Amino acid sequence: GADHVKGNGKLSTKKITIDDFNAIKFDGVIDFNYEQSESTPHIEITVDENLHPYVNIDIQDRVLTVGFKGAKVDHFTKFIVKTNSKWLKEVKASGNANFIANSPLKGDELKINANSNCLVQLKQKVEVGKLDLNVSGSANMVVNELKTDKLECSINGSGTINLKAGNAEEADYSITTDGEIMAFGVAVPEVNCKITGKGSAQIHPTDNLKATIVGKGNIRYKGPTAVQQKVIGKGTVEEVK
């Protein structure tokens, strides 16, 4: 069967051209550096020199998948991906990967699913019609600045979503089992916030807030805002000054 291989500890970088992609999927301890630009797309891979033949770069229906193929890689020293595309509508990251967007991001929609201990960092302004963020398996997401019409934030099981600054017209915030949403920095006129189980949501509704809690989870908001709530459990909905 497939050979078991391992990195020889000598990192090398290879740069090649890459086809058009608008979606990214990867699973594993990969440092993935992305930029949105009109420049000729390239992909730059850093991995142990003897592992480059096993590096998988595959684009199907504009979905880019990066990982390994052709052998079972028992160990690698580091795995860095640096690439760019004109458009980006989706990112699926898993397995303790680091996804970093080092450019502003634009488009009708941006959907991000961060699972199993990943770290997603959107370091520059995200300006989209709809921003759909999902975290599970203790993954973490940090968004420095956003501007959107519809914002959807959801955490399942565990993990955190930190939305440092920005604006949304409507936001749906949800925490199930456990998790933390840190979004005091995002001003939103219409907010829907729901916690089922444990958790903590920090939010900034500027007109109306619909809050639902079942369990010990807490909703803390900065207003002024009108509030309609339904709480079953020890958790509470409270304003912070």
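The first residue of the sequence shown is number 1, and the count goes up from there.
Relative to its counterpart among 207-215 and 30-38, 207-215 has the higher mean temperature factor, C-alpha atoms as listed in the PDB entry.
The PDB entry reports B-factors from which the mean C-alpha value can be compared for 21-29 and 222-230; the larger average falls on 222-230. Between the residues 96, 167, 140, 77, it is 167 that shows the highest Cα B-factor in the PDB record. Among all modelled residues in this chain, the alpha-carbon of residue 178 has a temperature factor (C-alpha) in the lowest third.
Among the modelled residues of its chain, residue 156 has a C-alpha B-factor that falls in the middle third according to the deposited record. For residue 92, the recorded CA B-factor ranks within the lowest third of the chain. Only modelled residues enter the ranking. Looking at the C-alpha B-factors along this chain, the one for residue 191 belongs to the middle third. Among the modelled residues of its chain, residue 58 has a C-alpha B-factor that falls in the middle third according to the deposited record.
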